[PDB]
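Chemist:
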Amino acid sequence: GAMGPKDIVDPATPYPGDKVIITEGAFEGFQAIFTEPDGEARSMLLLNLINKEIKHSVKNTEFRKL
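Each residue of the sequence shown is one higher than the last, beginning at 97 in the authors' numbering.
#1: Just to confirm, are residue 109 and residue 159 a CB contact at a threshold of 9 Å?
#2: Just the C-alpha distance for residue 161 and residue 150, rounded to the nearest angstrom, thanks.
#3: Checking the sheet assignment: what are the DSSP bridge partners for residue 142?
#4: Which of helix, strand or coil does DSSP assign to residue 159?
#5: Using DSSP with H/G/I as helix, E/B as strand and the rest coil, what is residue 115?
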């Protein structure tokens, strides 16, 4: 939108249900959905596996939002 930021911190926090992508760890290249982040520092993402769906808590620095 506007070139200048509306506030000091923008709504970078991803909403629940959004798709996320991992860039670090053997799970890199796998998409996950925010199941419920305990805080802005750590977040809970769901890793879908051809065998079954698994839930794992990853740090926002360990993965990035699409």
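We put the CB at the ideal spot given by N, CA and C, even for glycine.
Modeler: In brief:
#1: no
#2: 18 Å
#3: 129, 151
#4: strand
#5: strand
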